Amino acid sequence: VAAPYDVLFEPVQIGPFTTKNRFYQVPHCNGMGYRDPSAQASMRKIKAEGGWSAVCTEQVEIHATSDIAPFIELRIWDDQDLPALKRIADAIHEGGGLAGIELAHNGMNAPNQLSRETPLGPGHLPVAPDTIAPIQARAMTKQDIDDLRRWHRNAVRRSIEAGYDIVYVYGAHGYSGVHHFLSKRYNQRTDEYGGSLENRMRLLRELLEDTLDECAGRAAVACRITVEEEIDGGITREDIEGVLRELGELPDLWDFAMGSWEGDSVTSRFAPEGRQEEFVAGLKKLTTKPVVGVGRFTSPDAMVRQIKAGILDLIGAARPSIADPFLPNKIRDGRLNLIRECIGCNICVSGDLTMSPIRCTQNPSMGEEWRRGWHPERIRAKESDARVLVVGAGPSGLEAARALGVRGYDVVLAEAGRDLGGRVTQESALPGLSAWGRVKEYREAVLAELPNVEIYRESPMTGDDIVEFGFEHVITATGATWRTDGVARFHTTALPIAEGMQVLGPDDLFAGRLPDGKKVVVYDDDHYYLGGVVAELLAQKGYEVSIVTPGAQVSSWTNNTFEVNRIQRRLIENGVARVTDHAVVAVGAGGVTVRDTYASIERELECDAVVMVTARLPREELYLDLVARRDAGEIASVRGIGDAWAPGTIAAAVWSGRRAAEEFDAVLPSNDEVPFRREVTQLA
């Protein structure tokens, strides 16, 4: 490797092992935990062979008192968990990588809703944080602490038996007993485990020493540690420095992380690349040992920076690794222009928070590797001589055309408007969504290296043109329009709209049209990002803006992306009125009628204009026109794709297109069958 990037491929000693390079995939969930272990093995194996030197598993509950149901992570309670763990460690090895396992006791943060065990913590407190479950933790005695230590030790043993190279002590994200013992916020103990740094670090020390003694140099010991909590009384700079000074010589590796998962995986919308830096700068100097840090790292020169300036030894990533499993190899090979950069959407997390195998906006193969055999980079050779027309160049069209391109097909990509990108382009122009543009960039950067793909950019297409042009196969990727009649979830049918009121939708704002008068009401019955984003826009542009939502919070689905609090603070700071728990039930000439969701009390709200952000209808005129022409015999295949088939997130659109690409000319089972593989429960 050369240029300035050779720095990123130096070996690093971690205890008795050596990395091939400085790329480190840190522990991250996957929504396919104790429940889809083959799925995980396949994925982790792909990260390894993509160039990540160490590959970590998500956290792994060491004991049934660490039950965090409904969350589905990995488990190491018993020898019954071994075969699953061993497969993952095996798959990473055979992929060329060192395997990491993040042993975890969630302590006071485990509600134990499934095991029905008592949670254990430093104090008698409601289970916390990131949960409001009606259960309290019991304060641990010395005997309980000794019990915890033994469970941890058993878990480490079993990690050696499974073949892991790196075994963590986990003390990060408010999710660990160890963090709760460290933090003045949860530890108000008065015995030797509380009261002062030396004491609050006691448990940490003990778990470290125990893990070391138990490994006996057959594995390395990592410690993943909270470095900044971002709350009063929480872990600060002073604490982390004291820990490093006393214990810095103890593990084989120090992984640095935020005291909060909200804080750790913040979206691009709310944070730039490498923001963890000024919480971590200065810490390397304190330890003989190597250091990993994160910072949504996508730019290879930012990675170069982190190492030359002595902030980090390993470049850690979670999400960058999900977006592009092959990021290390693309840097290796000089093809930097082909890096699929994380968008920082958070969609990946929402899989975990909805106990689904995590989706990536950028990488449709995430969670398809085992079950459908998809690959982040490769796709089967073309099975035919076909010429395919993809109509519409939004996320779904772009990905169909990219993937069919990569297969070797002769593909013509037709686009109606001046620009490529569809909703990605219209959406990234919105406040705080600039990075989303990257979905379009990667696809263009790869399309450019495909001579077999023709792109035509000011070319609307009708069923007529397609037949006249003689196109035998079409993929119809035409998108969706935003309803203006007020229908989504609260109304399933049009609400009444007086003739005198200006009513716009997102199509109008994307087209550059803006409300006429000063006061605007945005009716948000979508509950994801767009309502809030549109309202941001209007207020920046000088309008007086109210959001009306049937939810108790604006953009309530963002609970699933950890954005919900940030969204609300951001709305309150732009002076936007949050009119939550209300539906718009009438639009009159000079205002709207809102109805409270709980008691149906109605009120008038005066305004000069109304912007509807509710739901969408597919652009399927072309498709239905072509199905008619297929039945008649004038073409051989049409397939609807993306938002024109059934509107969803951008990720779903991207996925939708890759699916069409992988399925083109495939001989398929009838749809009676499950279109993927799955593991099922082992009967006793």
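So that there is no doubt, residue numbering starts at 1 and follows the sequence shown.
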Mean C-alpha B-factor comparison - 41-49 and 643-651, higher one | 41-49
Between 169-177 and 118-126, point out the one with the higher average CA B-factor as the PDB entry records it.
-> 169-177
Please work out which residue in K142, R457, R569, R202 has the highest C-alpha B-factor recorded for this crystal structure.
-> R457
Max C-alpha B-factor within the set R35, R659, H28, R616 falls on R35
Within this chain, which third does the Cα B-factor at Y523 fall in: lowest, middle or highest?
-> lowest
So, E377's CA B-factor, relative to its chain, sits in which third? The highest
Of the three thirds of the chain ranked by Cα temperature factor, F664 occupies the highest
Taking the chain's C-alpha temperature factors as the reference, tell me which third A64 falls into: lowest, middle or highest.
-> lowest
Based on the entry's values, in what third of the chain does the Cα temperature factor of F9 lie: lowest, middle or highest?
-> middle
